[PDB]
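Next up, structure tokens for two forms of one chain, structure 1 and then structure 2.
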Structure 1
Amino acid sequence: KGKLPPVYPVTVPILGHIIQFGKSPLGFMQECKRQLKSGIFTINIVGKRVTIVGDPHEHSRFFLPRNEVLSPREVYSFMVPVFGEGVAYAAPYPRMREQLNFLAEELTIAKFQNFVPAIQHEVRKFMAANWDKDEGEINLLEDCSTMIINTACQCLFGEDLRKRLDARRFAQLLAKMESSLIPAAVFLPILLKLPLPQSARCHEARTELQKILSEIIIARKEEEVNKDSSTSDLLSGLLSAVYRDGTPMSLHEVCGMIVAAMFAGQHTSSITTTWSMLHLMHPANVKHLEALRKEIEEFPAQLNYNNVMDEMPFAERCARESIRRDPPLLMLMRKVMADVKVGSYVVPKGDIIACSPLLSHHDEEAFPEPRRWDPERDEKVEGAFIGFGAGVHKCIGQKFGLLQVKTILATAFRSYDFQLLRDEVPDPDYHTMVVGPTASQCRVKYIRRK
């Protein structure tokens, strides 16, 4: 056609479709697609046009154009109080890319040397403290989420940082920053300009984190004179980065990339672990639990890099399929800065364009019987899996996240079995920013494998 995507009619004035979307994100999107006879279509969120790239065959039209054409900056305006002014997506595109590359470099597999033991240490410490009886009842999502913050901190931060800012206090500062976020501001940008009590809190937590970082940096320069230590961590990595123009990252920027890394990795990784365990313990999946048991059957007590990286293909499939079925990020978005072709249409300058892992992961051609968790499945449409994104803004933490998931799975199932206290795997809870299993349905019985 070369014209605009078909518009889905608005029946609710002012609000547009946001209500029907919350009620049933997948159901609503699939209904639009059916009724409009197009995988590319435009919905309306509080007056803003959102064009969905809902055909897995057209994913490349979303993930591949340059920032200058499809930009994430405006979509992330509401996180500026957390990352900081001029940090990540708020910085000019070449500088954004530089800061993101500096972070990515700290999460490459060449940094993973002592991560496996760090993760195992923290996981065993947690299990010993909280899974300390022959059997007992626990909330698996809460416990996975506590292990992820502990493990991430143990891997990424040297012992000195941890003595001043341990995983508990770090989680508290981050939860105070996160608590302040108003993602509605994507569609109601007037919010970003208002005095809100949120802003004061957020600024508070961030400035306290940045104070702690500066104090750590000053202390480290002193251990440098003494040659007591030479700590190599996430912080030292970003500290040594130098931009193309010859200058270093400011403290502001360093702090902001640390916050982005920690925000990003916490919920997604915790959720992926939780789903993966929930599926593995369910009676319908005994064959898959068997397979994981076989994979790890001959592993040593103290795992190494090679065991997790190279000898857990099935665990990795489990993690990936969990993300496939229940993607923690439902909608990836960009601001359209200039007219782009998508499918047989032109998406106009000023639209938000979106591509939905939720929608695409449930395309029946790409993923037959998509509600069936099957780690042995393989995509049947090229590039249909987008749980880690793709192209210009593809996930830079994927290997680190999967490292943690797989290690937790090997560590946990070595020492325990688990029983779901429900007939079914929990329902996904779509009411949060990062989507996981319904927290109240995640009660499980652990059983110590004596």
Structure 2
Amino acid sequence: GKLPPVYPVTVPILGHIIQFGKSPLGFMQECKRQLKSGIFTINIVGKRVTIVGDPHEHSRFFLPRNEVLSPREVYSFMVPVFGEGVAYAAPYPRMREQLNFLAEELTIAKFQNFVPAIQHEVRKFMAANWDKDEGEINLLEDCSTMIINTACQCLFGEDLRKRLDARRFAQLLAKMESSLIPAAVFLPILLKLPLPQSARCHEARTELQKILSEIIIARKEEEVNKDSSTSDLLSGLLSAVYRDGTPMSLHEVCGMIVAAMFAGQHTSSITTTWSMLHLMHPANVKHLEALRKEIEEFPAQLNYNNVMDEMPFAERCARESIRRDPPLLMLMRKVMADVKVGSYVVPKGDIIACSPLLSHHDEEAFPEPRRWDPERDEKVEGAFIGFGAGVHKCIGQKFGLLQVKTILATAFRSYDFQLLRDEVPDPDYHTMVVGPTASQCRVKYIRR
């Protein structure tokens, strides 16, 4: 069959890795502009990286089985985090099983107590750190602090939170996060050398696990003296059992807890800031009025129904904030067998990617790509892929957006915000999970 257009390689060894790095969006919009096609092949460090940059072919991307499009190979730099035997660090059936297990800690009945819990936290942080009529803050830093706090309140029990504060967790995670080298996807050999990083990525892991056991020991003491059949993310997973017959190990239960925190953490905190920044912006005044009238009606303490049902615009602010500036720029799969996309064939051994950033800016599907409109809809289907799609579709959106939409209803119901910048902050494209620049996120919270 035919092959997509190969993009001209100026620098032999590297490819367009440095170009890609400087202006991912720019570089990419350029690659699709100069070949009359949204299905091109850039060369990263010598590995063919075919980007499916046309929304009308997204399913082509997400629907294939792991057998045809498999992410274990491409996302293997992540293994140290999860530990061995968890997710992509384990056979697909096992990951699936573990996915099944996480999904069931986040069902609709689970959110019953999640709402007040989340709103409980956002009120402790708007009280201790926001006790003046006006003040200057770092919104990206703050949302982040609130998102890690809201997250843990929902997932972890009262006891585990004393033992493991929100501060001492953002640390343990971070220590693991920095020990990651995403470039290992194209420099695979990189995952075999003993980097000083991989060691630390594990020295931190062990410490969270030495706390889990010291917590699991106290819960079996409590139930016995005075019953504490306390249920949380940890209590639920610790009671899980594999179809194969065996229980789930402390090593794995701990591993999974990390897998979620990585996904959940920045991404949720960023989707908050972007949204808040967009909303507090004068140019979106009609989008502030729309928001405050949606929450205008609510009681002092929202419940599951208010947030899950009665906040369709807030979510539209979130979904669009992600659309305009998606925290995850590149979804990737390893091509197990030649597959078909557009009218071109994608060879085996080839690396297929589906960039949300690029697709989120297709003109046929998103006119005025840089205009933040919580009122807009995709003019091509499957066009919005902020939460991935198909086989590996995100199973935490409702929990992340649940967090995001709760802070908003809490924040804009008790404050006003301004930007110490004429314009919105620049998307700081240097980090693994992308949000706006941290320095350009100084804001002013005003009491009503």
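For numbering, take structure 1's sequence and count from 1. Whichever C-alpha set is largest while still superposing within 1.5 Å between the two forms counts as the rigid core.
> Quick one: lay the two forms over each other on the core and tell me which of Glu297, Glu290, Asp310, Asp228 moves its CA by at least 2 angstroms between structure 1 and structure 2.
Result of the superposition: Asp228 is the only one at 2 Å or more.
> Please report, in Å, how much the Cα atom of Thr108 moves between structure 1 and structure 2 when the rigid core is superposed.
So the C-alpha of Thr108 has moved 2.1 Å between structure 1 and structure 2.
> Using a rigid core fit, what is the CA shift at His431 between structure 1 and structure 2, in angstrom?
For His431, the alpha-carbon shift amounts to 0.6 Å.
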